[PDB]
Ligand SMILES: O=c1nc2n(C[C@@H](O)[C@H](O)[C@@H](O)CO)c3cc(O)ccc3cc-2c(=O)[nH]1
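Presented as structure tokens, the chain that follows is alone, the form solved without the named molecule.
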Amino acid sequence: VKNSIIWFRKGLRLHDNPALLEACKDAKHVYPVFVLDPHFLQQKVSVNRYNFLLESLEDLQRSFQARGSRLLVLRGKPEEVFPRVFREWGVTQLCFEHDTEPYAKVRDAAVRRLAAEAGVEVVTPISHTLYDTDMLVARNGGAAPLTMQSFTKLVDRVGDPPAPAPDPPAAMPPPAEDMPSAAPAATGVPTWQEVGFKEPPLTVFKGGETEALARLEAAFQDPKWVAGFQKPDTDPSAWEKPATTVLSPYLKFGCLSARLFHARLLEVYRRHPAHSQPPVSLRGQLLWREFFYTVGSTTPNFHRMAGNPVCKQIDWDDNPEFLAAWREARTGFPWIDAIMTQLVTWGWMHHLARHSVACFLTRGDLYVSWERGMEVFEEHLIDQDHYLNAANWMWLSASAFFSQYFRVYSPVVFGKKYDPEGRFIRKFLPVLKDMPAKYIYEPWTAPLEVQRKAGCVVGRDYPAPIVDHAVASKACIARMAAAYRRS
């Protein structure tokens, strides 16, 4: 008989799941499995993103139970767990979504070898991305494109991505009864308290495929807003209703299919001939995701500077003091400190908000390495994506893809153009709620009588600016200029 395992790593969904569809075909028993490492916190990861994963698994558990099945959260390492469940469950086929991250290829290759030793067939369909990334590289002559312009001409030469896969059947072959490794006491979804966390998550974005599909429909309630979407014109100070979709944590964990997103976009574009085009359109935003995935998966040492062929070697400063202030949101610039508070609270910020803090830390003011800023984002972001977090950090530091190091965001002026009253700042920095709008971006410039009135004294209740932007930016620009001439 056919007993199959559908291995969940990314792609935490039932829609557009070709790996799940293959595992259910002519199957007597199907074992949905997520392999959890109970020693992950005893190695880095916030409770916000880890609880987002756990919520995403609870949603899978409910979806499987509605179809007569059950999600199994096995404990341990994959190389030590699968060889046992292969013989115990009588497995003949192992299916999982293909993943191109560096750690995935080593993990998957070892699992492939273990499956071959147990006589288990392996099926690895591509569904986390729009296209077969290796196919894009081969069609381009063996090398990936290094610009969005040329990459967009490539995907237009290949055509539309594959349509989303159909939905799985309403009834699924369940796991076999009375199997010791499938016992409910050892395979349930744990809570964030049981995995070692001590403080509760504070984010407002819930995990799971059902929430992903709900937020997708919410984005498509107005087709005119979808067709006329232009990324650089959106508002980074909007928090009550974010100016963008906030689908990135669902796309990172696979809770929402990218091909489904792209299929829904084409349906709206077909009825609106004046829709925006890449790179600024919503379709272009998934193409940015596809572009960084293609270049990152084929570039050695893509998450670092040394040994990275596309990253410029800049002599960034080893300044732990500036890094600490930036990390702990006490730089003295309320626009920067509020975004860093939104990072640790929600775990998500608007794209232009991430530009402000990443430019400030690197080529703009502090001259700290983008690697150090990356390690801060990898901890707190709930959409933390390997290839995307680096390519955008290398973009903001002018180490790759981007090279206009004379464009330096002002930490005082940038947020003033969108939000003159500073409503975004009072929400996340309530110490400044009563500060008048004239000084909310420059609190150190307010008279002492005003600071005492507003209950916010600079140097006592809120810190002073760590640097003078006029002095710091002119110095970083000169250093980046000499680094570009020596390269």
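By rigid core we mean the largest C-alpha set that fits within 1.5 Å across both forms. Only residues modelled in both forms are compared. From 1 onward, residues are counted along the sequence shown.
Omitted from view is the form deposited with the named molecule bound, to which the following refers.
Site status: open, since the named molecule, placed here by C-alpha superposition from its pose in the entry with it bound, has no atom within 2.4 Å of backbone or C-beta atoms. Out of the listed residues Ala454, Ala446, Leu429, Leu53, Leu53 is the one that sits within 4.5 Å of the named molecule in the entry with it bound by at least one heavy atom.
The contact with the named molecule in the entry with it bound, taken as any heavy atom within 4.5 Å, belongs to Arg107 out of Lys206, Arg107, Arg139, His272.
Of the stretches 433 to 441, 457 to 465, 58 to 66, 29 to 37, only 29 to 37 has residues with a heavy atom within 4.5 Å of the named molecule in the entry with it bound. For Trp335, no non-hydrogen atom is located within 4.5 Å of the named molecule in the entry with it bound, even though that partner is not displayed. Looking at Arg9, you'd find a heavy atom of it within 4.5 angstroms of the named molecule in the entry with it bound.
Though the partner is left out of this view, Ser127 does not reach within 4.5 Å of the named molecule in the entry with it bound, counting heavy atoms only. Contact annotation: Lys252 falls within 4.5 Å of the named molecule in the entry with it bound, judged by heavy atom distances. Along 75 to 110, a non-hydrogen atom within 4.5 Å of the named molecule in the entry with it bound is carried by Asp99, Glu101, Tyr103, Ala104, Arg107, in order along the sequence. Core superposition between this form and the one not shown leaves every listed residue (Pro436, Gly455, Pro38, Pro420) with a C-alpha shift below 2 angstroms except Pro38. For residues common to both forms, superposing the rigid core between this form and the one not shown reveals a single consecutive run of 3 or more with all Cα shifts of 2 angstroms or more, at 37 to 43.
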